[PDB]
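Student: Please find entry_31.cif (mmCIF, C-alpha atoms and all ligand atoms) on the next line:
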```cif
data_final
#
loop_
_atom_site.label_atom_id
_atom_site.label_comp_id
_atom_site.auth_asym_id
_atom_site.auth_seq_id
_atom_site.Cartn_x
_atom_site.Cartn_y
_atom_site.Cartn_z
CA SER A 7 9.06 -4.54 2.40
CA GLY A 8 7.76 -4.25 -1.18
CA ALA A 9 6.76 -1.80 -3.86
CA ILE A 10 4.46 -1.36 -6.88
CA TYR A 11 6.37 -0.69 -10.13
CA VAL A 12 4.02 0.96 -12.65
CA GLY A 13 5.32 3.00 -15.61
CA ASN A 14 8.26 5.09 -14.33
CA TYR A 15 6.91 5.14 -10.77
CA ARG A 16 7.82 3.18 -7.61
CA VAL A 17 5.02 3.17 -4.96
CA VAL A 18 6.17 2.35 -1.40
CA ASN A 19 5.00 2.74 2.18
CA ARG A 20 6.06 6.30 3.17
CA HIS A 21 7.48 4.94 6.45
CA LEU A 22 9.81 2.54 4.49
CA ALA A 23 10.96 5.08 1.83
CA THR A 24 14.74 5.17 1.24
CA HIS A 25 17.01 8.25 0.76
CA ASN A 26 16.97 7.54 -2.99
CA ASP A 27 13.13 7.61 -2.90
CA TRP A 28 13.12 11.05 -1.13
CA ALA A 29 15.81 12.34 -3.56
CA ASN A 30 13.62 11.33 -6.59
CA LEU A 31 10.24 12.19 -5.05
CA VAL A 32 7.06 12.51 -7.12
CA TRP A 33 4.38 12.62 -4.33
CA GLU A 34 3.96 11.67 -0.66
CA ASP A 35 1.07 11.69 1.82
CA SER A 36 1.64 10.85 5.50
CA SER A 37 -2.13 10.46 6.17
CA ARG A 38 -2.21 7.59 3.61
CA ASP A 39 1.26 6.10 4.39
CA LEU A 40 2.21 6.42 0.70
CA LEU A 41 5.20 7.77 -1.21
CA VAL A 42 5.94 7.64 -4.95
CA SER A 43 9.37 8.08 -6.48
CA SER A 44 10.58 8.13 -10.11
CA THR A 45 12.42 5.18 -11.75
CA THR A 46 14.81 4.90 -14.70
CA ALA A 47 13.37 1.52 -15.87
CA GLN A 48 9.66 0.91 -16.73
CA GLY A 49 7.72 -1.41 -14.42
CA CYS A 50 5.29 -4.27 -15.12
CA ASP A 51 2.52 -3.82 -12.58
CA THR A 52 -0.87 -2.50 -13.78
CA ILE A 53 -3.18 -0.59 -11.41
CA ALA A 54 -6.79 -1.81 -10.92
CA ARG A 55 -9.51 0.77 -11.73
CA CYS A 56 -12.57 -0.81 -10.05
CA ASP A 57 -14.60 -1.18 -6.79
CA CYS A 58 -13.65 -4.85 -6.00
CA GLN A 59 -13.86 -5.88 -2.34
CA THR A 60 -12.29 -9.34 -2.87
CA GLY A 61 -8.71 -10.04 -3.89
CA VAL A 62 -5.43 -11.68 -2.88
CA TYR A 63 -2.51 -10.28 -0.88
CA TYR A 64 1.10 -11.32 -0.32
CA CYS A 65 2.17 -12.01 3.30
CA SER A 66 5.99 -12.14 3.57
CA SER A 67 5.91 -13.51 7.15
CA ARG A 68 4.11 -16.62 5.80
CA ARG A 69 5.59 -16.73 2.21
CA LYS A 70 1.96 -17.04 1.08
CA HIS A 71 -0.70 -15.26 -0.94
CA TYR A 72 -4.10 -15.23 0.80
CA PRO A 73 -7.55 -14.57 -0.63
CA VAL A 74 -9.39 -11.88 1.36
CA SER A 75 -12.55 -9.80 1.52
CA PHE A 76 -11.70 -6.17 2.34
CA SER A 77 -13.58 -3.01 3.27
CA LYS A 78 -13.95 0.07 1.09
CA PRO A 79 -11.21 2.74 1.47
CA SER A 80 -12.02 4.72 4.62
CA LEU A 81 -10.65 6.84 7.47
CA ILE A 82 -9.66 4.29 10.20
CA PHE A 83 -8.01 4.79 13.60
CA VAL A 84 -4.63 2.97 13.72
CA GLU A 85 -2.76 2.33 16.99
CA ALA A 86 0.71 3.79 17.65
CA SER A 87 3.57 1.96 15.99
CA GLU A 88 7.39 2.62 15.72
CA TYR A 89 6.55 4.87 12.64
CA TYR A 90 3.40 6.83 13.49
CA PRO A 91 1.56 7.88 16.67
CA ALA A 92 -2.03 6.58 17.14
CA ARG A 93 -3.98 8.51 14.47
CA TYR A 94 -6.52 8.33 11.70
CA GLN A 95 -5.15 6.90 8.42
CA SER A 96 -7.12 7.74 5.25
CA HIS A 97 -7.84 5.59 2.17
CA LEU A 98 -7.27 2.42 4.28
CA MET A 99 -9.05 -0.93 3.69
CA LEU A 100 -9.21 -3.68 6.35
CA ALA A 101 -9.35 -7.48 6.03
CA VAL A 102 -8.95 -10.45 8.35
CA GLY A 103 -5.43 -11.82 7.87
CA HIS A 104 -1.90 -12.04 9.22
CA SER A 105 0.33 -8.91 9.08
CA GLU A 106 3.62 -8.25 11.05
CA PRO A 107 6.04 -5.36 10.83
CA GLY A 108 7.95 -6.55 7.91
CA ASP A 109 4.80 -7.42 5.84
CA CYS A 110 4.28 -3.76 4.78
CA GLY A 111 4.68 -3.41 1.02
CA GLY A 112 3.05 -6.69 0.04
CA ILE A 113 0.63 -6.26 -2.88
CA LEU A 114 -3.14 -6.67 -2.72
CA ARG A 115 -4.56 -7.43 -6.20
CA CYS A 116 -7.89 -8.26 -7.82
CA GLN A 117 -8.89 -9.47 -11.28
CA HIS A 118 -8.21 -5.93 -12.69
CA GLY A 119 -4.68 -5.41 -11.32
CA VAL A 120 -2.95 -3.95 -8.23
CA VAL A 121 -5.34 -2.52 -5.63
CA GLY A 122 -2.91 -1.40 -2.88
CA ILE A 123 -0.12 -2.40 -0.48
CA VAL A 124 -0.04 -3.71 3.10
CA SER A 125 0.24 -0.73 5.52
CA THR A 126 -1.08 -1.89 8.94
CA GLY A 127 -1.43 -5.09 11.00
CA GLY A 128 -1.97 -6.89 14.34
CA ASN A 129 -4.89 -8.57 16.10
CA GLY A 130 -5.59 -10.85 13.14
CA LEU A 131 -6.30 -7.78 10.88
CA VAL A 132 -4.36 -6.52 7.84
CA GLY A 133 -4.84 -3.00 6.43
CA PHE A 134 -4.06 -1.92 2.88
CA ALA A 135 -3.30 1.55 1.51
CA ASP A 136 -5.52 1.90 -1.59
CA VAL A 137 -4.00 3.24 -4.82
CA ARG A 138 -6.98 2.85 -7.21
CA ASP A 139 -7.91 6.56 -7.02
CA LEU A 140 -4.37 7.69 -8.10
CA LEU A 141 -5.18 7.94 -11.79
CA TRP A 142 -1.99 9.80 -12.61
CA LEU A 143 0.03 6.59 -11.95
CA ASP A 144 -1.17 5.47 -15.45
CA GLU A 145 0.36 8.43 -17.35
CA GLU A 146 3.53 10.60 -17.95
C1 LIG A 201 2.71 -2.78 13.96
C2 LIG A 201 2.40 -2.98 12.48
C3 LIG A 201 1.47 -1.73 12.00
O1 LIG A 201 0.27 -1.90 11.97
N1 LIG A 201 1.99 -0.50 11.81
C4 LIG A 201 3.42 -0.17 11.97
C5 LIG A 201 3.95 0.61 10.78
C6 LIG A 201 3.07 1.82 10.51
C7 LIG A 201 1.63 1.35 10.23
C8 LIG A 201 0.75 2.48 9.71
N2 LIG A 201 0.29 3.32 10.61
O2 LIG A 201 0.52 2.59 8.50
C9 LIG A 201 1.12 0.64 11.49
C10 LIG A 201 1.81 -4.36 12.21
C11 LIG A 201 1.62 -4.62 10.71
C12 LIG A 201 2.87 -4.30 9.91
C13 LIG A 201 3.48 -2.99 10.33
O3 LIG A 201 3.64 -2.89 11.75
ZN ZN A 202 -10.95 -5.21 -9.40
#
```
Please render this file's structure as structure tokens.
Ligand SMILES: C[C@]1(C(=O)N2CCC[C@H](C(N)=O)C2)CCCCO1
Ligand SMILES: [Zn+2]
Tutor:
Amino acid sequence: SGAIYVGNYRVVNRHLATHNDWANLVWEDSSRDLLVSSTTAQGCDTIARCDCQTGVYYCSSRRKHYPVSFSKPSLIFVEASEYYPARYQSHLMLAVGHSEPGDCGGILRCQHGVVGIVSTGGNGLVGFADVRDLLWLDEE
């Protein structure tokens, strides 16, 4: 589990969104595994606006932050899980690292701010849903 809290937005994995998230929906995209809902309180996270390919992510199943090198956001084939059939997920970045179902939501960050959240795992790989192209998170 985990979310990004920027401005009056909460960014979560679409497959982990709660009823309150769907009842206060701003935007969702199944192909990216992302959903954004509105919040009453302002958040403290800042979004990175860069092309970094190195950063650090939080792994809840290890209670640890790991430094990683990650690929550029791309369209990647992801195997079937309890939440999605086997399909292509867009705006996904891959790295070598540990990721279980429960690690989704952990933040990946670079020197500029939050880059994305854990969305996929297994086989010694971790995949992150990028948010750096969502410029509207910084306004309204
Ligand atoms: C099985 C695993 C996973 O990769 N997925 C399940 C949850 C949905 C994920 C997706 N397609 O965005 C895929 C391993 C890592 C954490 C989440 O569960
Ligand atoms: Zn950066």
Student: Residues within 12 Å of ligand ZN 202 (chain A) should be enumerated using all atoms listed in the file and returned as a list in words.
Tutor: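 If we count all atoms listed in the file, the neighbours of ligand ZN 202 (chain A) turn out to be residues 52, 53, 54, 55, 56, 57, 58, 59, 60, 61, 62, 75, 76, 114, 115, 116, 117, 118, 119, 120, 121, 122, 136, 137 and 138 of chain A.
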Student: Please return as a list in words every residue within 6 Å of (4.5, -0.9, -2.9), taking into account only C-alpha atoms and the file's own coordinates.
Tutor: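 All residues meeting the 6 Å criterion around (4.5, -0.9, -2.9) are residues 8, 9, 10, 17, 18, 111 and 123 of chain A.
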Student: Neighbours of ligand LIG 201 (chain A) within 7 Å, counting only C-alpha atoms and all ligand atoms, as a ChimeraX atom specification?
Tutor: /A:21,39,84-90,95,105-110,125-128,132
Student: Please determine, counting only C-alpha atoms, which residue among A:141, A:40, A:82, A:113 has the shortest atom-to-atom distance to residue 63 of chain A.
Tutor: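 Going through A:141, A:40, A:82, A:113 one by one, the smallest distance to residue 63 of chain A is for A:113.
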Student: For residue 47 of chain A, please output as an mmCIF file with C-alpha atoms, in the frame of the given file all residues within 7 Å (counting only C-alpha atoms; exclusion window: fewer than 2 positions along the same chain).
Tutor:
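Contents of out_22.cif, as written:
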```
data_model
loop_
_atom_site.group_PDB
_atom_site.id
_atom_site.type_symbol
_atom_site.label_atom_id
_atom_site.label_comp_id
_atom_site.auth_asym_id
_atom_site.auth_seq_id
_atom_site.Cartn_x
_atom_site.Cartn_y
_atom_site.Cartn_z
ATOM 1 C CA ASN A 14 8.260 5.090 -14.330
ATOM 2 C CA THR A 45 12.420 5.180 -11.750
ATOM 3 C CA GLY A 49 7.720 -1.410 -14.420
#
```
Student: Choose the residue, out of A:100, A:29, A:143, A:23, that has the smallest atom-to-atom separation from residue 129 of chain A; count only C-alpha atoms.
Tutor: A:100
Student: Could you tell me how far atom CA of residue 78 of chain A sits from atom CA of residue 34 of chain A, in Å to one decimal place?
Tutor: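 So the answer is 21.4 Å.
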Student: Quick check, in Å to one decimal: how far apart do atom CA of residue 65 of chain A and atom CA of residue 134 of chain A lie?
Tutor: 11.9 Å
Student: Quick check, in Å to one decimal: how far apart do atom CA of residue 101 of chain A and atom CA of residue 71 of chain A lie?
Tutor: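 Atom-to-atom, atom CA of residue 101 of chain A to atom CA of residue 71 of chain A, that is 13.6 Å.
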Student: For residue 13 of chain A, which residue among A:37, A:67, A:43, A:30 is the nearest when counting all atoms listed in the file?
Tutor: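 Once distances to residue 13 of chain A are computed over all atoms listed in the file, the minimum belongs to A:43.
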Student: Would you fill the gaps in segment 17-53 of chain A so it has N, CA and C atoms, then print it as a short mmCIF file (atom, residue, chain, number, x, y, z; two decimals), in the frame of the given file?
Tutor:
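File produced: result_1.cif:
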```cif
data_model
loop_
_atom_site.label_atom_id
_atom_site.label_comp_id
_atom_site.auth_asym_id
_atom_site.auth_seq_id
_atom_site.Cartn_x
_atom_site.Cartn_y
_atom_site.Cartn_z
N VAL A 17 5.96 2.82 -6.06
CA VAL A 17 5.02 3.17 -4.96
C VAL A 17 5.39 2.36 -3.74
N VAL A 18 5.74 3.03 -2.64
CA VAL A 18 6.17 2.35 -1.40
C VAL A 18 5.46 2.89 -0.22
N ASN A 19 5.55 2.18 0.92
CA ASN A 19 5.00 2.74 2.18
C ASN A 19 5.88 3.96 2.53
N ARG A 20 5.25 5.10 2.86
CA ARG A 20 6.06 6.30 3.17
C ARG A 20 7.04 6.00 4.30
N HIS A 21 6.60 5.19 5.30
CA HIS A 21 7.48 4.94 6.45
C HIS A 21 8.70 4.07 6.11
N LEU A 22 8.69 3.38 4.96
CA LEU A 22 9.81 2.54 4.49
C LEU A 22 10.61 3.17 3.34
N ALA A 23 10.27 4.43 2.95
CA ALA A 23 10.96 5.08 1.83
C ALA A 23 12.45 5.25 2.13
N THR A 24 13.27 5.02 1.10
CA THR A 24 14.74 5.17 1.24
C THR A 24 15.19 6.61 0.90
N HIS A 25 16.49 6.95 1.15
CA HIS A 25 17.01 8.25 0.76
C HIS A 25 16.86 8.43 -0.74
N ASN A 26 17.12 7.36 -1.55
CA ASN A 26 16.97 7.54 -2.99
C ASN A 26 15.50 7.87 -3.36
N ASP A 27 14.53 7.24 -2.66
CA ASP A 27 13.13 7.61 -2.90
C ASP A 27 12.86 9.12 -2.62
N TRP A 28 13.34 9.64 -1.49
CA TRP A 28 13.12 11.05 -1.13
C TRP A 28 13.87 11.97 -2.10
N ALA A 29 15.06 11.52 -2.62
CA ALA A 29 15.81 12.34 -3.56
C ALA A 29 15.24 12.33 -4.98
N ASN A 30 14.25 11.42 -5.25
CA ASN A 30 13.62 11.33 -6.59
C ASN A 30 12.10 11.34 -6.38
N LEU A 31 11.63 12.19 -5.50
CA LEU A 31 10.24 12.19 -5.05
C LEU A 31 9.28 12.72 -6.09
N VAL A 32 8.15 12.03 -6.27
CA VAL A 32 7.06 12.51 -7.12
C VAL A 32 5.92 13.04 -6.21
N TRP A 33 5.53 12.27 -5.17
CA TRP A 33 4.38 12.62 -4.33
C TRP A 33 4.44 11.83 -3.02
N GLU A 34 4.01 12.42 -1.91
CA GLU A 34 3.96 11.67 -0.66
C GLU A 34 2.77 12.19 0.14
N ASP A 35 2.20 11.31 0.98
CA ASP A 35 1.07 11.69 1.82
C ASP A 35 1.13 10.85 3.10
N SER A 36 1.50 11.51 4.21
CA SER A 36 1.64 10.85 5.50
C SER A 36 0.30 10.28 5.98
N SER A 37 -0.82 10.98 5.74
CA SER A 37 -2.13 10.46 6.17
C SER A 37 -2.53 9.16 5.50
N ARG A 38 -1.93 8.83 4.35
CA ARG A 38 -2.21 7.59 3.61
C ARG A 38 -1.06 6.56 3.71
N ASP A 39 0.07 6.92 4.35
CA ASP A 39 1.26 6.10 4.39
C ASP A 39 1.79 5.75 3.00
N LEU A 40 1.73 6.71 2.05
CA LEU A 40 2.21 6.42 0.70
C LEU A 40 3.30 7.40 0.25
N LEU A 41 4.21 6.91 -0.55
CA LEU A 41 5.20 7.77 -1.21
C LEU A 41 5.49 7.17 -2.55
N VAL A 42 5.63 8.04 -3.56
CA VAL A 42 5.94 7.64 -4.95
C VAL A 42 7.20 8.31 -5.41
N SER A 43 8.13 7.54 -5.91
CA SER A 43 9.37 8.08 -6.48
C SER A 43 9.51 7.69 -7.98
N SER A 44 10.39 8.38 -8.69
CA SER A 44 10.58 8.13 -10.11
C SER A 44 11.64 7.05 -10.35
N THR A 45 11.48 6.25 -11.45
CA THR A 45 12.42 5.18 -11.75
C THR A 45 13.00 5.37 -13.16
N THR A 46 14.20 4.84 -13.38
CA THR A 46 14.81 4.90 -14.70
C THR A 46 14.18 3.83 -15.60
N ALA A 47 13.98 2.60 -15.08
CA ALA A 47 13.37 1.52 -15.87
C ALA A 47 11.83 1.48 -15.74
N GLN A 48 11.13 1.01 -16.78
CA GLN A 48 9.66 0.91 -16.73
C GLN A 48 9.26 -0.36 -15.99
N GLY A 49 8.21 -0.27 -15.18
CA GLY A 49 7.72 -1.41 -14.42
C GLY A 49 6.59 -2.17 -15.10
N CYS A 50 6.27 -3.34 -14.53
CA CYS A 50 5.29 -4.27 -15.12
C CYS A 50 3.94 -4.37 -14.44
N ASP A 51 3.80 -3.77 -13.26
CA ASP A 51 2.52 -3.82 -12.58
C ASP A 51 1.51 -2.90 -13.26
N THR A 52 0.27 -3.30 -13.27
CA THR A 52 -0.87 -2.50 -13.78
C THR A 52 -1.79 -2.19 -12.59
N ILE A 53 -2.31 -0.97 -12.50
CA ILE A 53 -3.18 -0.59 -11.41
C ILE A 53 -4.66 -0.93 -11.74
#
```
